[PDB]
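Asks: PDB, N, CA and C atoms, file model_8.pdb:
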ATOM      1  N   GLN N   1     -15.206 -41.897  -6.098
ATOM      2  CA  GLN N   1     -13.914 -41.571  -6.689
ATOM      3  C   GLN N   1     -13.652 -42.411  -7.928
ATOM      4  N   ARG N   2     -14.090 -43.666  -7.913
ATOM      5  CA  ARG N   2     -13.936 -44.528  -9.072
ATOM      6  C   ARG N   2     -14.771 -44.046 -10.240
ATOM      7  N   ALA N   3     -15.776 -43.213  -9.978
ATOM      8  CA  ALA N   3     -16.515 -42.577 -11.058
ATOM      9  C   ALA N   3     -15.653 -41.644 -11.891
ATOM     10  N   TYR N   4     -14.480 -41.255 -11.405
ATOM     11  CA  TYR N   4     -13.619 -40.314 -12.102
ATOM     12  C   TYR N   4     -12.462 -40.989 -12.815
ATOM     13  N   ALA N   5     -12.502 -42.309 -12.959
ATOM     14  CA  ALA N   5     -11.392 -43.039 -13.550
ATOM     15  C   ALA N   5     -11.140 -42.595 -14.983
ATOM     16  N   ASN N   6      -9.863 -42.502 -15.354
ATOM     17  CA  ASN N   6      -9.503 -42.214 -16.731
ATOM     18  C   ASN N   6      -8.478 -43.175 -17.312
ATOM     19  N   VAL N   7      -8.031 -44.171 -16.558
ATOM     20  CA  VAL N   7      -7.097 -45.178 -17.042
ATOM     21  C   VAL N   7      -7.638 -46.542 -16.642
ATOM     22  N   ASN N   8      -7.345 -47.567 -17.446
ATOM     23  CA  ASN N   8      -7.893 -48.890 -17.177
ATOM     24  C   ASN N   8      -7.234 -49.580 -15.992
ATOM     25  N   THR N   9      -6.045 -49.153 -15.583
ATOM     26  CA  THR N   9      -5.341 -49.798 -14.484
ATOM     27  C   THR N   9      -4.456 -48.770 -13.791
ATOM     28  N   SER N  10      -3.624 -49.246 -12.871
ATOM     29  CA  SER N  10      -2.748 -48.398 -12.078
ATOM     30  C   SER N  10      -1.304 -48.869 -12.201
ATOM     31  N   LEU N  11      -0.383 -47.990 -11.811
ATOM     32  CA  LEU N  11       1.038 -48.301 -11.881
ATOM     33  C   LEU N  11       1.394 -49.366 -10.854
ATOM     34  N   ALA N  12       2.341 -50.232 -11.201
ATOM     35  CA  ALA N  12       2.564 -51.452 -10.436
ATOM     36  C   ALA N  12       4.047 -51.721 -10.222
ATOM     37  N   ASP N  13       4.798 -50.691  -9.842
ATOM     38  CA  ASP N  13       6.126 -50.871  -9.258
ATOM     39  C   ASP N  13       7.151 -51.431 -10.240
ATOM     40  N   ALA N  14       6.717 -51.795 -11.434
ATOM     41  CA  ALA N  14       7.640 -52.339 -12.415
ATOM     42  C   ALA N  14       7.415 -51.800 -13.815
ATOM     43  N   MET N  15       6.299 -51.125 -14.069
ATOM     44  CA  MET N  15       5.923 -50.770 -15.429
ATOM     45  C   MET N  15       6.916 -49.772 -15.995
ATOM     46  N   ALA N  16       7.480 -50.101 -17.147
ATOM     47  CA  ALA N  16       8.400 -49.192 -17.804
ATOM     48  C   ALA N  16       7.636 -47.993 -18.335
ATOM     49  N   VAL N  17       8.147 -46.803 -18.062
ATOM     50  CA  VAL N  17       7.623 -45.585 -18.659
ATOM     51  C   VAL N  17       8.383 -45.327 -19.950
ATOM     52  N   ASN N  18       7.652 -45.214 -21.054
ATOM     53  CA  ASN N  18       8.228 -44.993 -22.368
ATOM     54  C   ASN N  18       8.106 -43.523 -22.723
ATOM     55  N   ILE N  19       9.230 -42.904 -23.069
ATOM     56  CA  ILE N  19       9.187 -41.547 -23.578
ATOM     57  C   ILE N  19       8.620 -41.573 -24.989
ATOM     58  N   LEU N  20       7.934 -40.493 -25.361
ATOM     59  CA  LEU N  20       7.295 -40.406 -26.661
ATOM     60  C   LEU N  20       8.010 -39.474 -27.621
ATOM     61  N   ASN N  21       8.789 -38.524 -27.118
ATOM     62  CA  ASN N  21       9.562 -37.613 -27.955
ATOM     63  C   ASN N  21      10.982 -38.160 -28.043
ATOM     64  N   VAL N  22      11.292 -38.817 -29.158
ATOM     65  CA  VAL N  22      12.598 -39.423 -29.374
ATOM     66  C   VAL N  22      13.382 -38.702 -30.458
ATOM     67  N   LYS N  23      12.945 -37.515 -30.860
ATOM     68  CA  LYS N  23      13.614 -36.775 -31.917
ATOM     69  C   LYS N  23      13.143 -35.332 -31.870
ATOM     70  N   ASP N  24      14.072 -34.403 -32.077
ATOM     71  CA  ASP N  24      13.715 -32.992 -32.116
ATOM     72  C   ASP N  24      12.711 -32.738 -33.229
ATOM     73  N   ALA N  25      11.623 -32.047 -32.899
ATOM     74  CA  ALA N  25      10.568 -31.810 -33.872
ATOM     75  C   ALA N  25       9.708 -30.651 -33.402
ATOM     76  N   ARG N  26       9.439 -29.710 -34.300
ATOM     77  CA  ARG N  26       8.498 -28.645 -33.994
ATOM     78  C   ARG N  26       7.109 -29.234 -33.808
ATOM     79  N   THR N  27       6.329 -28.627 -32.927
ATOM     80  CA  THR N  27       5.087 -29.220 -32.463
ATOM     81  C   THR N  27       3.891 -28.560 -33.127
ATOM     82  N   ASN N  28       3.027 -29.379 -33.715
ATOM     83  CA  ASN N  28       1.679 -28.961 -34.048
ATOM     84  C   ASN N  28       0.807 -29.150 -32.819
ATOM     85  N   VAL N  29      -0.048 -28.174 -32.550
ATOM     86  CA  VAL N  29      -0.793 -28.123 -31.298
ATOM     87  C   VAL N  29      -2.274 -28.040 -31.610
ATOM     88  N   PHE N  30      -3.065 -28.912 -31.004
ATOM     89  CA  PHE N  30      -4.510 -28.839 -31.123
ATOM     90  C   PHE N  30      -5.126 -28.729 -29.740
ATOM     91  N   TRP N  31      -6.357 -28.237 -29.687
ATOM     92  CA  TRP N  31      -7.053 -28.152 -28.412
ATOM     93  C   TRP N  31      -8.543 -27.965 -28.642
ATOM     94  N   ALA N  32      -9.292 -28.081 -27.550
ATOM     95  CA  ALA N  32     -10.668 -27.622 -27.483
ATOM     96  C   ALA N  32     -10.663 -26.192 -26.977
ATOM     97  N   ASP N  33     -11.523 -25.356 -27.555
ATOM     98  CA  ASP N  33     -11.373 -23.916 -27.379
ATOM     99  C   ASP N  33     -11.578 -23.463 -25.940
ATOM    100  N   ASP N  34     -12.151 -24.304 -25.082
ATOM    101  CA  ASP N  34     -12.386 -23.953 -23.689
ATOM    102  C   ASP N  34     -11.339 -24.549 -22.755
ATOM    103  N   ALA N  35     -10.109 -24.717 -23.227
ATOM    104  CA  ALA N  35      -9.030 -25.262 -22.415
ATOM    105  C   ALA N  35      -8.035 -24.214 -21.956
ATOM    106  N   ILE N  36      -7.570 -23.363 -22.858
ATOM    107  CA  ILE N  36      -6.609 -22.316 -22.541
ATOM    108  C   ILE N  36      -7.376 -21.036 -22.237
ATOM    109  N   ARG N  37      -7.066 -20.419 -21.101
ATOM    110  CA  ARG N  37      -7.727 -19.204 -20.649
ATOM    111  C   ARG N  37      -6.673 -18.208 -20.193
ATOM    112  N   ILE N  38      -6.895 -16.930 -20.470
ATOM    113  CA  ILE N  38      -5.930 -15.887 -20.147
ATOM    114  C   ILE N  38      -6.552 -15.000 -19.077
ATOM    115  N   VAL N  39      -6.150 -15.203 -17.830
ATOM    116  CA  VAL N  39      -6.643 -14.404 -16.718
ATOM    117  C   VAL N  39      -5.891 -13.085 -16.681
ATOM    118  N   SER N  40      -6.608 -11.989 -16.459
ATOM    119  CA  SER N  40      -6.005 -10.667 -16.460
ATOM    120  C   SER N  40      -6.457  -9.889 -15.236
ATOM    121  N   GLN N  41      -5.632  -8.936 -14.819
ATOM    122  CA  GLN N  41      -5.887  -8.166 -13.613
ATOM    123  C   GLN N  41      -5.354  -6.753 -13.776
ATOM    124  N   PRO N  42      -5.971  -5.777 -13.120
ATOM    125  CA  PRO N  42      -5.510  -4.396 -13.251
ATOM    126  C   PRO N  42      -4.366  -4.082 -12.308
ATOM    127  N   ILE N  43      -3.472  -3.221 -12.779
ATOM    128  CA  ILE N  43      -2.451  -2.625 -11.925
ATOM    129  C   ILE N  43      -2.938  -1.233 -11.552
ATOM    130  N   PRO N  44      -3.551  -1.058 -10.395
ATOM    131  CA  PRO N  44      -4.162   0.235 -10.080
ATOM    132  C   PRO N  44      -3.137   1.310  -9.780
ATOM    133  N   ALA N  45      -2.349   1.686 -10.785
ATOM    134  CA  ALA N  45      -1.459   2.829 -10.663
ATOM    135  C   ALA N  45      -2.168   4.140 -10.950
ATOM    136  N   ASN N  46      -3.468   4.097 -11.222
ATOM    137  CA  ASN N  46      -4.287   5.294 -11.339
ATOM    138  C   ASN N  46      -4.720   5.831  -9.984
ATOM    139  N   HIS N  47      -4.357   5.145  -8.908
ATOM    140  CA  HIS N  47      -4.672   5.569  -7.555
ATOM    141  C   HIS N  47      -4.080   6.940  -7.248
ATOM    142  N   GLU N  48      -4.594   7.552  -6.182
ATOM    143  CA  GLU N  48      -4.018   8.790  -5.678
ATOM    144  C   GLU N  48      -2.714   8.556  -4.932
ATOM    145  N   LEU N  49      -2.402   7.309  -4.584
ATOM    146  CA  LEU N  49      -1.120   7.026  -3.951
ATOM    147  C   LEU N  49       0.032   7.300  -4.903
ATOM    148  N   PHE N  50      -0.134   6.961  -6.180
ATOM    149  CA  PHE N  50       0.910   7.185  -7.179
ATOM    150  C   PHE N  50       0.734   8.564  -7.811
ATOM    151  N   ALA N  51       0.917   9.579  -6.980
ATOM    152  CA  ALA N  51       0.926  10.958  -7.433
ATOM    153  C   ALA N  51       2.344  11.357  -7.810
ATOM    154  N   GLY N  52       2.456  12.192  -8.830
ATOM    155  CA  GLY N  52       3.734  12.566  -9.376
ATOM    156  C   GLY N  52       4.120  11.816 -10.632
ATOM    157  N   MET N  53       3.456  10.708 -10.928
ATOM    158  CA  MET N  53       3.618  10.034 -12.205
ATOM    159  C   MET N  53       2.320  10.139 -12.991
ATOM    160  N   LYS N  54       2.440  10.245 -14.307
ATOM    161  CA  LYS N  54       1.288  10.351 -15.191
ATOM    162  C   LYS N  54       0.999   8.965 -15.740
TER     163      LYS N  54
ATOM    164  N   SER Q   1       1.404  48.738  36.509
ATOM    165  CA  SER Q   1       1.816  50.122  36.611
ATOM    166  C   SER Q   1       2.200  50.469  38.037
ATOM    167  N   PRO Q   2       3.346  51.110  38.248
ATOM    168  CA  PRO Q   2       3.668  51.644  39.573
ATOM    169  C   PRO Q   2       2.836  52.879  39.882
ATOM    170  N   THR Q   3       3.027  53.404  41.089
ATOM    171  CA  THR Q   3       2.239  54.537  41.548
ATOM    172  C   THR Q   3       2.946  55.224  42.706
ATOM    173  N   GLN Q   4       3.014  56.550  42.646
ATOM    174  CA  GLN Q   4       3.583  57.371  43.702
ATOM    175  C   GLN Q   4       2.564  58.418  44.116
ATOM    176  N   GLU Q   5       2.577  58.778  45.392
ATOM    177  CA  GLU Q   5       1.567  59.648  45.972
ATOM    178  C   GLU Q   5       2.191  60.963  46.410
ATOM    179  N   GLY Q   6       1.537  62.065  46.064
ATOM    180  CA  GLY Q   6       2.035  63.373  46.428
ATOM    181  C   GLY Q   6       1.799  64.403  45.350
ATOM    182  N   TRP Q   7       2.184  65.650  45.607
ATOM    183  CA  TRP Q   7       1.982  66.740  44.659
ATOM    184  C   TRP Q   7       3.226  67.000  43.822
ATOM    185  N   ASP Q   8       4.355  67.245  44.477
ATOM    186  CA  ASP Q   8       5.608  67.578  43.810
ATOM    187  C   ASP Q   8       6.365  66.293  43.504
ATOM    188  N   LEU Q   9       6.558  66.008  42.219
ATOM    189  CA  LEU Q   9       7.202  64.787  41.755
ATOM    190  C   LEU Q   9       8.316  65.104  40.780
ATOM    191  N   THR Q  10       9.153  66.085  41.096
ATOM    192  CA  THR Q  10      10.195  66.490  40.164
ATOM    193  C   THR Q  10      11.251  65.401  40.041
ATOM    194  N   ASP Q  11      11.546  65.009  38.803
ATOM    195  CA  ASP Q  11      12.490  63.962  38.432
ATOM    196  C   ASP Q  11      12.034  62.565  38.832
ATOM    197  N   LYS Q  12      10.832  62.405  39.379
ATOM    198  CA  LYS Q  12      10.364  61.109  39.848
ATOM    199  C   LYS Q  12       9.572  60.347  38.798
ATOM    200  N   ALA Q  13       9.637  60.758  37.538
ATOM    201  CA  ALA Q  13       8.901  60.079  36.483
ATOM    202  C   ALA Q  13       9.444  58.675  36.262
ATOM    203  N   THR Q  14       8.538  57.749  35.972
ATOM    204  CA  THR Q  14       8.861  56.342  35.801
ATOM    205  C   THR Q  14       8.962  56.013  34.317
ATOM    206  N   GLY Q  15       9.632  54.912  34.003
ATOM    207  CA  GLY Q  15       9.740  54.450  32.638
ATOM    208  C   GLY Q  15       8.594  53.538  32.247
ATOM    209  N   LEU Q  16       8.726  52.951  31.062
ATOM    210  CA  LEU Q  16       7.773  51.974  30.552
ATOM    211  C   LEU Q  16       8.486  50.642  30.374
ATOM    212  N   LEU Q  17       7.939  49.590  30.977
ATOM    213  CA  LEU Q  17       8.493  48.250  30.852
ATOM    214  C   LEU Q  17       7.379  47.283  30.488
ATOM    215  N   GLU Q  18       7.584  46.518  29.421
ATOM    216  CA  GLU Q  18       6.643  45.490  29.008
ATOM    217  C   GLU Q  18       7.412  44.226  28.665
ATOM    218  N   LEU Q  19       7.076  43.136  29.342
ATOM    219  CA  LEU Q  19       7.732  41.855  29.152
ATOM    220  C   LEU Q  19       7.003  41.042  28.091
ATOM    221  N   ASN Q  20       7.628  39.943  27.683
ATOM    222  CA  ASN Q  20       7.035  39.085  26.673
ATOM    223  C   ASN Q  20       7.469  37.650  26.912
ATOM    224  N   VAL Q  21       6.737  36.720  26.299
ATOM    225  CA  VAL Q  21       7.054  35.302  26.381
ATOM    226  C   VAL Q  21       7.184  34.745  24.972
ATOM    227  N   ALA Q  22       7.900  33.635  24.859
ATOM    228  CA  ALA Q  22       8.185  33.020  23.572
ATOM    229  C   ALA Q  22       7.383  31.737  23.414
ATOM    230  N   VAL Q  23       6.802  31.553  22.235
ATOM    231  CA  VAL Q  23       6.071  30.346  21.888
ATOM    232  C   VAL Q  23       6.678  29.774  20.619
ATOM    233  N   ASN Q  24       6.577  28.458  20.468
ATOM    234  CA  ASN Q  24       7.200  27.789  19.341
ATOM    235  C   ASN Q  24       6.449  26.505  19.036
ATOM    236  N   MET Q  25       6.800  25.890  17.913
ATOM    237  CA  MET Q  25       6.261  24.599  17.526
ATOM    238  C   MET Q  25       7.364  23.554  17.530
ATOM    239  N   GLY Q  26       6.996  22.333  17.876
ATOM    240  CA  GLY Q  26       7.935  21.237  17.958
ATOM    241  C   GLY Q  26       8.111  20.525  16.636
ATOM    242  N   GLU Q  27       8.425  19.244  16.728
ATOM    243  CA  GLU Q  27       8.562  18.413  15.548
ATOM    244  C   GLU Q  27       7.193  17.948  15.065
ATOM    245  N   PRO Q  28       7.056  17.660  13.776
ATOM    246  CA  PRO Q  28       5.826  17.033  13.295
ATOM    247  C   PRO Q  28       5.690  15.617  13.823
ATOM    248  N   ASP Q  29       4.444  15.181  13.981
ATOM    249  CA  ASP Q  29       4.133  13.815  14.402
ATOM    250  C   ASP Q  29       3.622  13.064  13.179
ATOM    251  N   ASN Q  30       4.499  12.277  12.567
ATOM    252  CA  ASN Q  30       4.241  11.705  11.259
ATOM    253  C   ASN Q  30       3.544  10.354  11.356
ATOM    254  N   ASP Q  31       3.264   9.779  10.187
ATOM    255  CA  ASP Q  31       2.916   8.366  10.079
ATOM    256  C   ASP Q  31       3.225   7.949   8.643
ATOM    257  N   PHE Q  32       4.361   7.290   8.447
ATOM    258  CA  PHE Q  32       4.722   6.815   7.122
ATOM    259  C   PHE Q  32       4.034   5.494   6.813
ATOM    260  N   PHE Q  33       3.966   5.182   5.526
ATOM    261  CA  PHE Q  33       3.165   4.067   5.050
ATOM    262  C   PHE Q  33       3.512   3.793   3.594
ATOM    263  N   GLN Q  34       3.774   2.539   3.241
ATOM    264  CA  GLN Q  34       4.191   2.198   1.889
ATOM    265  C   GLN Q  34       3.442   0.972   1.399
ATOM    266  N   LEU Q  35       2.981   1.023   0.151
ATOM    267  CA  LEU Q  35       2.318  -0.107  -0.477
ATOM    268  C   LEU Q  35       2.731  -0.212  -1.936
ATOM    269  N   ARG Q  36       2.685  -1.432  -2.456
ATOM    270  CA  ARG Q  36       2.867  -1.697  -3.871
ATOM    271  C   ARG Q  36       1.530  -1.556  -4.586
ATOM    272  N   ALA Q  37       1.563  -1.680  -5.909
ATOM    273  CA  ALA Q  37       0.341  -1.534  -6.686
ATOM    274  C   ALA Q  37      -0.628  -2.693  -6.483
ATOM    275  N   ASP Q  38      -0.191  -3.797  -5.877
ATOM    276  CA  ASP Q  38      -1.119  -4.883  -5.580
ATOM    277  C   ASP Q  38      -2.112  -4.486  -4.503
ATOM    278  N   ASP Q  39      -1.640  -3.830  -3.458
ATOM    279  CA  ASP Q  39      -2.432  -3.615  -2.262
ATOM    280  C   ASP Q  39      -3.451  -2.498  -2.411
ATOM    281  N   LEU Q  40      -3.645  -1.974  -3.618
ATOM    282  CA  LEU Q  40      -4.666  -0.970  -3.880
ATOM    283  C   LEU Q  40      -5.698  -1.467  -4.880
ATOM    284  N   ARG Q  41      -5.936  -2.772  -4.893
ATOM    285  CA  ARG Q  41      -7.097  -3.329  -5.565
ATOM    286  C   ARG Q  41      -8.293  -3.464  -4.634
ATOM    287  N   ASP Q  42      -8.105  -3.239  -3.339
ATOM    288  CA  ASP Q  42      -9.161  -3.355  -2.344
ATOM    289  C   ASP Q  42      -9.398  -2.070  -1.570
ATOM    290  N   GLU Q  43      -8.330  -1.377  -1.169
ATOM    291  CA  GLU Q  43      -8.372  -0.017  -0.637
ATOM    292  C   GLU Q  43      -8.926   0.091   0.779
ATOM    293  N   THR Q  44      -9.505  -0.986   1.310
ATOM    294  CA  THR Q  44     -10.116  -0.887   2.633
ATOM    295  C   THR Q  44      -9.059  -0.758   3.721
ATOM    296  N   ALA Q  45      -7.969  -1.515   3.610
ATOM    297  CA  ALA Q  45      -6.884  -1.373   4.570
ATOM    298  C   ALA Q  45      -6.281   0.021   4.506
ATOM    299  N   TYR Q  46      -6.152   0.570   3.299
ATOM    300  CA  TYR Q  46      -5.617   1.917   3.127
ATOM    301  C   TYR Q  46      -6.497   2.955   3.821
ATOM    302  N   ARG Q  47      -7.811   2.892   3.591
ATOM    303  CA  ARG Q  47      -8.713   3.841   4.239
ATOM    304  C   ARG Q  47      -8.678   3.695   5.753
ATOM    305  N   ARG Q  48      -8.694   2.455   6.241
ATOM    306  CA  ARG Q  48      -8.716   2.248   7.680
ATOM    307  C   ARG Q  48      -7.428   2.734   8.326
ATOM    308  N   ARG Q  49      -6.295   2.557   7.648
ATOM    309  CA  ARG Q  49      -5.051   3.106   8.167
ATOM    310  C   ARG Q  49      -5.118   4.620   8.243
ATOM    311  N   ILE Q  50      -5.718   5.261   7.240
ATOM    312  CA  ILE Q  50      -5.838   6.718   7.280
ATOM    313  C   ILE Q  50      -6.633   7.159   8.507
ATOM    314  N   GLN Q  51      -7.807   6.556   8.713
ATOM    315  CA  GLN Q  51      -8.644   6.969   9.843
ATOM    316  C   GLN Q  51      -7.959   6.706  11.181
ATOM    317  N   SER Q  52      -7.365   5.522  11.337
ATOM    318  CA  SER Q  52      -6.698   5.195  12.590
ATOM    319  C   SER Q  52      -5.531   6.131  12.843
ATOM    320  N   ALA Q  53      -4.820   6.523  11.786
ATOM    321  CA  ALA Q  53      -3.729   7.473  11.946
ATOM    322  C   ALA Q  53      -4.238   8.810  12.454
ATOM    323  N   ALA Q  54      -5.358   9.289  11.910
ATOM    324  CA  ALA Q  54      -5.896  10.562  12.384
ATOM    325  C   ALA Q  54      -6.256  10.487  13.863
TER     326      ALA Q  54
END
Show the structure stored in the file as structure tokens.

Replies:
Amino acid sequence: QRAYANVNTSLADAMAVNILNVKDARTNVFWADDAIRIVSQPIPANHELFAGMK
Amino acid sequence: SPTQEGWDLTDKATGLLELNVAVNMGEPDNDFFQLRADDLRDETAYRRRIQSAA
């Protein structure tokens, strides 16, 4: 499990959490192209159950 | 058919009578069933319900 570490230490009951957004601002967004994925699925309304609608 | 025995049968002629019986059909024996468009991406439950209903 320690092979998966991503921070040098752990939270310790006193550490102040600092907010980073202190002013309204439109966001520039960057990413690696394999991060956002759009999963899609069919609505099988072409079935014979939905007869009477085209 | 009735039957009478003898030679002279004046005014002894018989009529014709034929009875009948009545037949009918009852109520239909249904099986209702409702699904949304989600439950027809697999169709196996739908087919099995059809066969079991028959």

Asks: Determine the residue set returned by the ChimeraX specification (/Q@CA @<9) & /N@CA for the present structure, and present it as a list in words.

Replies: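 Written out, the selection comes to residues 42, 43, 44, 45, 47, 49 and 50 of chain N.
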
Asks: Kindly resolve the PyMOL selection byres (((chain Q and resi 3 and name CA) around 12) and name CA) on the present coordinates and return the residues as a list in words.

Replies: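 Residues picked by the PyMOL selection byres (((chain Q and resi 3 and name CA) around 12) and name CA): residues 1, 2, 4, 5, 6, 9, 12, 13, 14 and 15 of chain Q.
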
Asks: Could you check how far CA of residue 30 in chain N sits from CA of residue 7 in chain N, in Å to one decimal?

Replies: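 CA of residue 7 in chain N lies at a distance of 21.7 Å from CA of residue 30 in chain N.
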
Asks: Report as AutoDock Vina command-line options the centre and the edge lengths, in Å to one decimal, of the axis-aligned box holding every listed atom of range 39-52 of chain Q, padded by 4 Å on each side.

Replies:
--center_x -5.9 --center_y 1.7 --center_z 3.6 --size_x 16.5 --size_y 19.0 --size_z 26.4

Asks: For a test of reading the model, state the distance in Å between atom N of residue 44 in chain Q and atom N of residue 46 in chain N, rounded to one decimal.

Replies: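 Computed distance, atom N of residue 44 in chain Q to atom N of residue 46 in chain N, equals 14.8 Å.
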
Asks: Quick check on the file I pasted: which residues fall under the PyMOL selection byres (((chain Q and resi 30 and name CA) around 12) and name CA)? Write them as a ChimeraX atom specification.

Replies: /Q:27-29,31-33,50,53-54

Asks: Report the distance between CA of residue 52 in chain N and atom C of residue 51 in chain Q in Å, rounded to one decimal place.

Replies: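 Value for the CA of residue 52 in chain N-atom C of residue 51 in chain Q distance: 24.4 Å.
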
Asks: As an MDAnalysis selection string, please: every residue in chain Q that DSSP puts in helix (DSSP H, G or I).

Replies: chainID Q and resid 37:40 44:53

Asks: Just range 4-19 of chain N from the block, N, CA, C and O atoms, as an mmCIF file, in the first residue's frame, could you?

Replies:
data_model
loop_
_atom_site.group_PDB
_atom_site.id
_atom_site.type_symbol
_atom_site.label_atom_id
_atom_site.label_comp_id
_atom_site.auth_asym_id
_atom_site.auth_seq_id
_atom_site.Cartn_x
_atom_site.Cartn_y
_atom_site.Cartn_z
ATOM 1 N N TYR N 4 1.847 3.066 -3.138
ATOM 2 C CA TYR N 4 0.910 3.946 -3.816
ATOM 3 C C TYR N 4 0.901 5.352 -3.243
ATOM 4 O O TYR N 4 -0.007 6.126 -3.551
ATOM 5 N N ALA N 5 1.884 5.696 -2.419
ATOM 6 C CA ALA N 5 1.899 6.992 -1.759
ATOM 7 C C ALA N 5 1.954 8.126 -2.772
ATOM 8 O O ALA N 5 2.636 8.035 -3.792
ATOM 9 N N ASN N 6 1.219 9.202 -2.489
ATOM 10 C CA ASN N 6 1.293 10.395 -3.314
ATOM 11 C C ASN N 6 1.516 11.675 -2.524
ATOM 12 O O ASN N 6 1.579 12.746 -3.130
ATOM 13 N N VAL N 7 1.645 11.602 -1.205
ATOM 14 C CA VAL N 7 1.921 12.761 -0.368
ATOM 15 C C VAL N 7 3.055 12.390 0.577
ATOM 16 O O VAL N 7 3.203 11.221 0.946
ATOM 17 N N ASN N 8 3.863 13.378 0.966
ATOM 18 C CA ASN N 8 5.020 13.091 1.804
ATOM 19 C C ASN N 8 4.650 12.774 3.246
ATOM 20 O O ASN N 8 5.464 12.178 3.956
ATOM 21 N N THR N 9 3.458 13.148 3.697
ATOM 22 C CA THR N 9 3.059 12.915 5.077
ATOM 23 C C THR N 9 1.544 12.765 5.137
ATOM 24 O O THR N 9 0.869 12.676 4.110
ATOM 25 N N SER N 10 1.013 12.713 6.353
ATOM 26 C CA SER N 10 -0.410 12.519 6.592
ATOM 27 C C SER N 10 -0.953 13.630 7.481
ATOM 28 O O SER N 10 -0.204 14.355 8.142
ATOM 29 N N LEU N 11 -2.277 13.757 7.489
ATOM 30 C CA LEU N 11 -2.936 14.783 8.286
ATOM 31 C C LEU N 11 -2.800 14.463 9.768
ATOM 32 O O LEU N 11 -2.800 13.297 10.166
ATOM 33 N N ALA N 12 -2.678 15.502 10.590
ATOM 34 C CA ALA N 12 -2.259 15.321 11.973
ATOM 35 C C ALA N 12 -3.087 16.168 12.929
ATOM 36 O O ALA N 12 -2.555 16.857 13.800
ATOM 37 N N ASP N 13 -4.405 16.164 12.752
ATOM 38 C CA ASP N 13 -5.331 16.619 13.787
ATOM 39 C C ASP N 13 -5.238 18.116 14.070
ATOM 40 O O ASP N 13 -6.046 18.664 14.825
ATOM 41 N N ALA N 14 -4.282 18.795 13.459
ATOM 42 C CA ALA N 14 -4.136 20.221 13.686
ATOM 43 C C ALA N 14 -3.857 21.006 12.419
ATOM 44 O O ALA N 14 -3.954 22.236 12.447
ATOM 45 N N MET N 15 -3.524 20.343 11.316
ATOM 46 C CA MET N 15 -3.039 21.038 10.134
ATOM 47 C C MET N 15 -4.145 21.895 9.548
ATOM 48 O O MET N 15 -5.243 21.405 9.274
ATOM 49 N N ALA N 16 -3.858 23.176 9.371
ATOM 50 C CA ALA N 16 -4.825 24.071 8.765
ATOM 51 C C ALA N 16 -4.973 23.736 7.293
ATOM 52 O O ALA N 16 -3.981 23.577 6.579
ATOM 53 N N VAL N 17 -6.212 23.624 6.838
ATOM 54 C CA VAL N 17 -6.500 23.486 5.419
ATOM 55 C C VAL N 17 -6.690 24.879 4.838
ATOM 56 O O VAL N 17 -7.499 25.667 5.337
ATOM 57 N N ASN N 18 -5.907 25.205 3.816
ATOM 58 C CA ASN N 18 -5.946 26.503 3.168
ATOM 59 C C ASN N 18 -6.749 26.394 1.886
ATOM 60 O O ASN N 18 -6.462 25.540 1.042
ATOM 61 N N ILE N 19 -7.758 27.248 1.747
ATOM 62 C CA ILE N 19 -8.478 27.327 0.491
ATOM 63 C C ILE N 19 -7.592 28.014 -0.538
ATOM 64 O O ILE N 19 -6.758 28.865 -0.206
#
